[PDB]
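In: Opening with a subset of the complex:
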Amino acid sequence: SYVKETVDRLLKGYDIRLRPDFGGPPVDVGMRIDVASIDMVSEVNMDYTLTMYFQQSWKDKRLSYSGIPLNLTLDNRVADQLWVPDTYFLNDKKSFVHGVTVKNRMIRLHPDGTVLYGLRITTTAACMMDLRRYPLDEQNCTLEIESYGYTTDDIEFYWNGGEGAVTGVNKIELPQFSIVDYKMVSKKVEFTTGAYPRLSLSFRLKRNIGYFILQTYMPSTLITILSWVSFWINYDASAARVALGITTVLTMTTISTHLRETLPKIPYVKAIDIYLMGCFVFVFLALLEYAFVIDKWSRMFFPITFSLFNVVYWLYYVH
């Protein structure tokens, strides 16, 4: 029953509306990020969804004790009665604290004065994805830790562990992308109001090529089969020849309307559309040689044009 009087001594006389070590030096805040999972990437809304432990720690004079030897894990509702930093995320769109039983707020106190505050939060952060080249992607999806109402002479940030402040990157299993590297960058960013610390957790996303590369082969094999249908046959039964070239536009249409819901209406550069242009202009070239009718010469010229086409595609892929 000794601990209750000490906690009441710590609370009676405390002001939540002041930062610790007030009127003096800036206080440091150490962060730690435990990425649970990249929850949901969305190429429609130019964004992704992340679930992580955001842990942070600092030091104060207002909370110190000497009687209790061990550390003091305390209830989460004392966070409404203790000072915390106003750390936010810049590129977010919709975020929340998980409240499945309570607010997941880890409050741990030390006899020194080291105060620990932990959250399990899910953030839907935007990522400026450049969709110019589709097979290779190499994104840079940032995650901008930044204070809100404290200037750089009032606060400073640091990674608690350097590279060791970020834990759990290798345990991420994404069905659509793959991590190749992650980077933690500190940066001082000024505004009209003032200067602010800004940590950045960035990482690249190499797309898992197998799913879309098995979706890519089907129009190519389809149009090679269509070329071999329209090429080898004699044209006395010309209705057998022309009905092959009739139904090519619906085959192009199915793949185009399937991809049009996946990728948005970005006008700039679409590499899938460049590939489908190399396909459908080749469809028009096959029909052009048909209306020009040399059939065996066009049949031999079709595979070497397909080979130079997907060689151009492969060198566009490997850059």
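Out: In hand now; what should we look at? Residues are numbered from 1 along each chain as shown, chains lettered A, B, ... in the order given.
In: Helices along the stretch 151-300 of chain A, start to end?
Out: Taking DSSP state H, counting those that start in this stretch, the helices of the stretch 151-300 of chain A run over residues A:209-232, A:238-246, A:248-262, A:271-292, A:295-318.
In: how about the CA coordinates for the first one, as PDB?
Out: Okay, so that is helix A:209-232. Taking Å, rounded to 0.1, in the frame of the first residue of the first chain, the C-alpha atoms of helix A:209-232 are listed here in PDB:
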ATOM      1  CA  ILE A 209       6.700 -10.200 -60.800                       C
ATOM      2  CA  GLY A 210       5.200 -13.700 -61.100                       C
ATOM      3  CA  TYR A 211       1.500 -13.000 -61.000                       C
ATOM      4  CA  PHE A 212       1.400 -10.200 -63.500                       C
ATOM      5  CA  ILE A 213       4.100 -11.900 -65.600                       C
ATOM      6  CA  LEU A 214       1.800 -14.900 -65.900                       C
ATOM      7  CA  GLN A 215      -1.100 -12.600 -66.800                       C
ATOM      8  CA  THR A 216       1.200 -10.900 -69.400                       C
ATOM      9  CA  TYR A 217       2.000 -14.100 -71.300                       C
ATOM     10  CA  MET A 218      -1.600 -14.900 -72.100                       C
ATOM     11  CA  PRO A 219      -2.300 -12.100 -74.700                       C
ATOM     12  CA  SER A 220       1.200 -12.700 -76.200                       C
ATOM     13  CA  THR A 221       0.500 -16.400 -76.600                       C
ATOM     14  CA  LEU A 222      -3.000 -15.600 -77.800                       C
ATOM     15  CA  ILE A 223      -1.800 -13.300 -80.600                       C
ATOM     16  CA  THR A 224       0.900 -15.700 -81.700                       C
ATOM     17  CA  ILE A 225      -1.800 -18.400 -81.900                       C
ATOM     18  CA  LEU A 226      -3.900 -16.000 -83.900                       C
ATOM     19  CA  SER A 227      -1.000 -15.200 -86.200                       C
ATOM     20  CA  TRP A 228      -0.400 -18.900 -86.800                       C
ATOM     21  CA  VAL A 229      -4.100 -19.400 -87.500                       C
ATOM     22  CA  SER A 230      -4.300 -16.600 -90.000                       C
ATOM     23  CA  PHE A 231      -0.900 -17.200 -91.600                       C
ATOM     24  CA  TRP A 232      -0.500 -20.900 -92.600                       C
END
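In: who's in contact with that helix?
Out: A:134-135, A:176, A:241, A:244-245, A:248, A:251-252, A:255, A:275-276, A:279, A:282-283, A:286, A:290, A:295-296, A:298-299, A:302-303, A:306, A:310 (CB atoms under 8 Å, 6 or more residues apart in numbering). To be clear about C-beta, it is placed using only N, CA and C from the backbone, and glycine gets the same treatment.
In: next up, chain B:
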Amino acid sequence: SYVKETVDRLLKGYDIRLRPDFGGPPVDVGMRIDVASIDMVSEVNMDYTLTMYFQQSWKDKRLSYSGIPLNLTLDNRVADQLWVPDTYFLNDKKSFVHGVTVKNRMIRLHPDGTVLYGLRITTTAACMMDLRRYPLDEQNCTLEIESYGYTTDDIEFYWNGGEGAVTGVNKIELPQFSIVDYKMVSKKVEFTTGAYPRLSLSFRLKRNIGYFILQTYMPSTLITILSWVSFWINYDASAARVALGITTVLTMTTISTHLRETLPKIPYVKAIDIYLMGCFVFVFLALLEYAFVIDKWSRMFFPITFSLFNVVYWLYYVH
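Out: Putting chain B onto the chains we already have gives this:
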């Protein structure tokens, strides 16, 4: 004036967390539901949205008063200072109280002590959807009213008014389904913890056949044409007759895409898909055996078996 000090003594000395007759007889609770609308019966998510005027009434000797022969409707800021029963719904997913101007929370008091409580609740309740027979299927989706933390020795539920406790059901209109009957069930459920009362309000939903007969009759003309053109064209250019029946296969594929966008994957097979795929296999095999070998036999075989398939389909449909 005089009424304010009578309300004040009802608020003074009251304990919220203690039920009436705590340690005595079980309290008696009368409930009432007023269905406003059946909003959307989502077959894919297997749920329905219900707007309801939920209403409770009970007895409390602590909340009576001598004079003022009239009823005292109060603000909604007394329900947080009074006891309410913890009545939840079992199979809900998204449910809330509407907060249009305030929280729609009616407290009506009485000089003997009969307390009336009222809420306007929208509930997205899930129900079992057996989709074996698709037309005229009584889905029998229910709403399960149940208390949470009071054993049957502490509470008593009943329908306030008998069978007339559920109103406004005849005033509901749906574009897809139709009310055929509603029923009230008052049972007891034993858990590991204890015994709890349960009210259950059922809804058997006769689906209106007009949208169903439109989305049935629109593809039936296609297989009718598939029979008629196969019976009607001479077999010199036999590929010109067979290729139309193979385009009916992709017509079936478009119908199957509409089906997959309209229905999920279910192990118990439906009643709509089976006759269309059965007549599909028959109209394909008729074209196959017609191209296998003839003009009179095509006129004789296909309409008779077609009408036979029609009448056996109707005889399965009437059940």
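In: Domains of chain A: list them as residue ranges, please.
Out: Domains of chain A are assigned by curated CATH domains as A:1-208, A:209-319.
In: Dump those into JSON lines; add distance to chain B as well.
Out: What follows is those, written out as JSON lines (distance: least, CB to the nearest CB, whole Å):
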{"stretch": "domain A:1-208", "distance to chain B": "16"}
{"stretch": "domain A:209-319", "distance to chain B": "7"}
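In: need the contact list for residue A:68.
Out: Applying CB atoms under 8 Å, 6 or more residues apart in numbering or on different chains to residue A:68 gives the contacts A:3, A:6, A:111.
In: and of those, the nearest to residue A:29?
Out: Checking the contacts of residue A:68 against residue A:29 by CB to CB gives residue A:111 as the nearest, at 20.1 Å.
In: Let me know the distance separating the closest one from residue B:194.
Out: Relative to residue B:194, residue A:111 is positioned 46 Å away (CB to CB, to the nearest Å).
In: returning to that earlier point: keep only those of the contacts of residue A:68 that are in strands.
Out: Of the contacts of residue A:68, none are assigned to strands by DSSP state E.
In: Which members of those are classed as buried?
Out: Listed as buried from these is no entry at all; burial here means 16 or more other CB atoms under 10 Å in any protein chain shown.
In: neighbours around the closest residue in space to residue A:177 that isn't next to it in sequence, how many?
Out: What sits nearest to residue A:177 in space, not counting adjacent residues and going by CB to CB, 6 or more residues apart in numbering or on different chains, is residue A:205, at 4.2 Å. Residues near residue A:205, counting by other CB atoms under 10 Å in any protein chain shown, number 21.
In: so what's residue A:205 bridging to?
Out: residue A:179 (DSSP bridges).
In: Contact partners for it?
Out: Counting by CB under 8 Å, 6+ apart, residue A:205 touches A:41, A:137-139, A:141, A:177-179.
In: Pipe those into CSV and attach distance to residue B:66 and neighbour count per row.
Out: Converted to CSV, these look like this (distance: CB to CB, whole Å; neighbours: other CB atoms under 10 Å in any protein chain shown):
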residue, distance to residue B:66, neighbour count
A:41, 68, 19
A:137, 78, 17
A:138, 81, 12
A:139, 75, 19
A:141, 70, 21
A:177, 73, 19
A:178, 77, 14
A:179, 75, 16
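In: Narrow the contacts of residue A:68 to those in helices?
Out: The members of the contacts of residue A:68 that map onto helices under DSSP state H are A:3, A:6.
In: how far does stretch A:112-125 sit from the chain's center?
Out: 21 Å (CA atoms, centre = their mean, to the nearest Å).
In: The following sequence is to be added as chain C:
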Amino acid sequence: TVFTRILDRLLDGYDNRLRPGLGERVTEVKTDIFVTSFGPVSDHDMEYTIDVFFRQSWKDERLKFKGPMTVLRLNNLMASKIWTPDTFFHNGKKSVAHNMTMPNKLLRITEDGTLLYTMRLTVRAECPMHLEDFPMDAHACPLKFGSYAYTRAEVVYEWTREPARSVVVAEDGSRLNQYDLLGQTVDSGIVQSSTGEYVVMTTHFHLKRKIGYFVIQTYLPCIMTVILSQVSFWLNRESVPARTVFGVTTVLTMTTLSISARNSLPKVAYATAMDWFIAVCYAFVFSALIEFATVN
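Out: Okay, chain C now, added to the rest:
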């Protein structure tokens, strides 16, 4: 009348922010669940749904009393004052604590010092499904939960009844439409964290895909197409344009059905078994067009 006078004696001196212990015995909480239902799996974004009752029980020596009756039932209002543990799910990405006229939380204080505290929940947890065999899926969906701030030296979770047998209860109501509940398997573990060491209660749900949902939906059209692939071999040697035009008319539907089968299928870099089934169909197509061009 009387019980208000004793609840104030219970609240007198009981700090709402401290667990019993702290230079004393390790706090033990007794954990029980009750699966109300098991919601549908969402294979596109690779998750599932569950809604359960979640029970907890522990002893607080600062809550004993001497009353007329044995146990004492309360509302969620008093339940916000007694210290409860921070039980969170490791796999839940979006969860709701349901409330309707009250928070769905009861508090049953025993005279012995123990208490019961349960809540009705709903968890949208996910499973890392491997997709090497989509009709032959067999998955063990985890439902890990532990403490959030209290160390193994602070609290330890323990199942109430028989763990491997009767600590988890399926209540025979399942709204599933693609899978079926084979069984369940609880587990206990310790996860070494960057903060400290924490107990972990694991529960796996063994699931296999039903056979009449999509398996027949793929099995009927592929058999239809391999039947349509035979008629070109049935064709005459003096009927050479028909054997040519049959193949393109066959593949027009084969492509659309492959698109439809890959439509509801989520994205995976690993190859699926139905991707080899449509490959067998395309190989029959390739053999048919080889036998066509042999005549040509």
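In: ok chain C is in now, so what about the contacts of residue A:68?
Out: Shown in contact with residue A:68 (CB under 8 Å, 6+ apart): A:3, A:6, A:111, C:22-23.
In: could you dump those residues to CSV with distance to residue A:259?
Out: Shown next, in CSV, are these (distance: CB to CB, whole Å):
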residue, distance to residue A:259
A:3, 63
A:6, 65
A:111, 61
C:22, 61
C:23, 65
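In: Touching, residue A:239 and residue B:236? I think so.
Out: No - look at residue A:239 against residue B:236 with CB atoms under 8 Å: they stay out of range, at 11.9 Å.
In: neighbour count winner among those two?
Out: residue A:239 (15 against 7).
In: and that one, how far is that from residue B:251?
Out: 21 Å.
In: Over to residue C:122?
Out: For residue C:122, the distance to residue B:251 - CB to CB - is 42 Å.
In: and what of residue C:54?
Out: Distance from residue C:54 to residue B:251, counting by CB to CB: 51 Å.
In: Pull the distance from stretch C:224-232 to the chain's centre.
Out: Centre-to-centre, stretch C:224-232 and its host chain are 42 Å apart (CA atoms, centre = their mean).
In: Identify the residue spatially nearest to residue A:85, adjacent ones excluded.
Out: Leaving aside its sequence neighbours, residue A:85 sits nearest to residue A:29 (CB to CB, 6+ apart; 5.6 Å).
In: actually residue A:66, not the one I wrote
Out: Closest residue in space to residue A:66, ignoring its immediate chain neighbours: residue A:111 at 6.3 Å, by CB to CB, 6+ apart.
In: show me what contacts the one you found?
Out: By CB under 8 Å, 6+ apart, the contact set of residue A:111 is A:64-66, A:68-69, A:71.
In: Break chain C into its domains for me.
Out: C:1-209, C:210-296.
In: could you dump those to a markdown table with distance to chain B?
Out: Putting the domains of chain C into a markdown table (distance: least, CB to the nearest CB, whole Å) gives the following:
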| stretch | distance to chain B |
| --- | --- |
| domain C:1-209 | 3 |
| domain C:210-296 | 4 |
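In: For the ones you listed, could you give me CSV that also reports distance to residue B:187 and mean neighbour count?
Out: Converted to CSV, the domains of chain C look like this (distance: least, CB to CB, whole Å; neighbours: other CB atoms under 10 Å in any protein chain shown):
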stretch, distance to residue B:187, mean neighbour count
domain C:1-209, 15, 17
domain C:210-296, 31, 17
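In: Could you find the closest non-adjacent residue to residue C:108?
Out: With sequence-adjacent residues excluded and distances taken as CB to CB, 6+ apart, residue C:108 is closest to residue C:116, at 4.0 Å.
In: All set, thanks.
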